[PDB]
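The structure tokens that follow cover one protein chain in two forms, given apart as structure 1 and structure 2.
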Structure 1
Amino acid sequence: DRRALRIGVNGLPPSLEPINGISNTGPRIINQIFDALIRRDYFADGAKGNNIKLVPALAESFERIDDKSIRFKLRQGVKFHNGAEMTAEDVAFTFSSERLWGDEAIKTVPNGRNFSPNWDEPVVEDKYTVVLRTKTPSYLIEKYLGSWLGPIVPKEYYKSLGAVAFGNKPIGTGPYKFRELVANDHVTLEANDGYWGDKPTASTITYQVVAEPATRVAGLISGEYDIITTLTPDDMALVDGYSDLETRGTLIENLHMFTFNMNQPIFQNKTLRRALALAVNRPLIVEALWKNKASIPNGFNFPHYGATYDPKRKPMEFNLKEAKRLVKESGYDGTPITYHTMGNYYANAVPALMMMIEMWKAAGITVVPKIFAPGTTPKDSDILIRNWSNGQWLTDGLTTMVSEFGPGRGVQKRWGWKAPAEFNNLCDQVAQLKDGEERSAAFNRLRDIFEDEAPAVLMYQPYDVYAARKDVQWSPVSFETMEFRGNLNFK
């Protein structure tokens, strides 16, 4: 018979509503309850969980009909876990102004517009045909629909509960249905044997919260968990030493960085930001703390961007002499500069910060750690430097250089980055351009402006480490989620 699967997790998301649950901990549950119109086929063509190939999922087929619209022909007879049939009304509601990107929608789905292209209202043409469209040109609609924005929600059930209550009792069409949630303790899912895709291989999946990695590792050894999440390379020797267990790691499409509150006088100008960027010996941090498993990106540039990945782009430079030169040009007077970090919320954050403080001290810059406890929210006027992480969530270069650092977004509006006019004009263009030499050249120009301006300093692409009992065949994917479709067998 099928075995129950137990996953020892770092935590649970604030909600299981597909958008509001977007976090380091939500997608690994959400991916099981819901399906999107398009699925990223991570293991296609022998790829090691990193293929960017998008394949139809709830959409039987789709045809792009112009630079801003796609007509989807949906699978018919597919049911949500409540017994309701999925139709074009459910898909239109999922990406409607009412639920997702209108002004009232973002009161209960705050990131609905942030994670969306410039949508126009979906058009339901018949029971199973829906045109999803943007107001302005967008050759990124397919990638958005294959991203964490994509999960299809049941209109009648979602509308009767609202986004918050739906988040505590989600209903989707996915291989595993929601059974129960005990806040910050566990989520249990059950096999959806009415699933339109392959039969689920686990009878139940339990995500059990174990805050401390050491206790997660104990639980795996003891037989409490079959898989455990959120380990670092340092934990690999202990786990791999057991003949019944093994680590399963992968580079993830996330970016660890530090950024500045550019409203502060010292960071209004690019000079000290550039001095702080050029003084970081990123290879040293990667060798010492990540066992050379983390990757330094060659600019704001990753292979999963696809046509907008530039493999020939030169690496970001460590130039202590040029950093010292810029410290003098900035007029820095030795006042201590705080670096806000919520402990090791981002893996190895305090150890990396302690190494960077010494690199900054070498360039003649005094940076002091301000390790704020979790839950606390330091006010903006108190932040000088702060660590940040950005999930590189589309299989495209738009996210996050354009989505986070673009015009009207946080880095410019809230954190005062006065980006050069060409950067904002190229940001607007790459959202609308089709992939080609113009689009690829514009991203390289945006990358050059980003490095020149230093609104943030890219540290590295982290290496995520899972551990599992060898009798559970399951491979990680290059994203902060877990995929069990064609990837979960009990030996």
Structure 2
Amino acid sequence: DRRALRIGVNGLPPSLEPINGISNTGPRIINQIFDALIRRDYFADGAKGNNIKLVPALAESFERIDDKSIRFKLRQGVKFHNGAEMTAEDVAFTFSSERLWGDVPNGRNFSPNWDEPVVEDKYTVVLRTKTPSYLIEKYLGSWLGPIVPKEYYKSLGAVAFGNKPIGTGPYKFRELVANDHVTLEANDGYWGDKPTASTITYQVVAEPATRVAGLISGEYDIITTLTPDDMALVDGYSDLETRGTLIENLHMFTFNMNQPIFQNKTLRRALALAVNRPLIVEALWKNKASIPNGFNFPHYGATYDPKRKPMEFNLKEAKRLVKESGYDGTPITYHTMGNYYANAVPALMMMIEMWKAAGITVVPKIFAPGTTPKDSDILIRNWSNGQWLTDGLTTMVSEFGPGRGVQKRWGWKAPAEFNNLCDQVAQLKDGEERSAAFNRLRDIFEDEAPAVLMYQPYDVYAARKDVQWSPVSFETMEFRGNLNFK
């Protein structure tokens, strides 16, 4: 009776464990298998997929009890896909030190300074931080929020769980063939709205042209990760149409600052100032992508500055910084996994011409999916950052802050003021002091260039008109109240 939904995707996450799966590819599957305590209701009050409104989901209700603690009263009788009941012990294990120190390597890095949860009774749990945090609600309504089954997860382990996941969500896991496909089936025991698809298959078609062809042949219902130039060919078919939105993600490139050439900021800044981002955005994105003024976005709220000035493209100063660095003309690789990111390779080719004008030789190192390149082989690599809280702390603090990946793993030796301001904004209410501390972090980041911010992508999907689904302003696919078949 219900139609089978087929989605052609750019890739699959390494795992379906909610934290390990954090990437451009995981949420669109994880969002279907799991629910969090709080859900971002993208379409609430007439919004077109961009509403920040957080509403209770596995939590029937909640109350903030002090500046570091929230008491959650859970929905009763909700079942995981294996029959076990969702209780306070599952929620406590989800945000426990045992689960978040998985060796799940980024559980600790993305999380606030959680104190241990308190199970007050079967359906009541207090989630709390060791220091004051006014962001707890936002953290529990984000991609960190999915609730996992304690006993099943403990018996399997994080990675085996990530291959056979069990959650409470509208679609249950059926099968996975690594780097090929994931198939989910409707959970007719779902506590929320009835799932409208019989099955949902996510099938990897790494090349966009082959993926557009699949939609025309009728092998796919929806396809992901297209560019604004693909819209003309697709929209020509009366049966098909494109659906796009400006998402809360940033396309960027970053450096292995352990490498001697990038241990200092001089050549990082030359590589940053030589990029003419408005020309790339015009030529490849039809001006649909948006250049931000540092890590600065409308969904941040009180920490968004509309009047902030952008970083200027300056070839003259980039040439002078190249000369100043002593750069001897060694070709620098730029690792890119094909077009995992929309317009990744055409943007790199344009930037190579801009870097050549500055006197820098950058060569592409296109690597196939499945090839996990070693850290030592990386010089420049592309990346993206999902701005995953409706707040300024993510991703300037969460990715580039003290003790986290960019500084520890990739060796960015950040200034003292930056790291102190990162700690201060975690324990600080919105207002005048917080807003200026974020514009100070933005100024330091611009001067050090541990990464270069390209643009906020205009995320383009394509679909059959007989599949009623609207994209959301994030790197996921929401089908709750947003998936009908004509």
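Start at 1 and count along the sequence of structure 1; that gives the residue numbers used here. Think of the rigid core as the biggest set of C-alphas that the two forms share within 1.5 Å after superposition.
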| query | finding |
| --- | --- |
| Comparing forms between structures 1 and 2, the hinge position between rigid parts, one of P297, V78, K135, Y463 | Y463 |
| Size of the rotation between structures 1 and 2 [smaller rigid part against larger, C-alpha superposition, degrees] | 15 |
| Per-residue CA shift, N114 (Å; core superposed between structures 1 and 2) | 1.2 |
| Distance the CA of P265 travels between structures 1 and 2 [rigid core superposed, Å] | 8.1 |
| For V280, CA displacement between structures 1 and 2 after the core is overlaid, in Å | 4.5 |
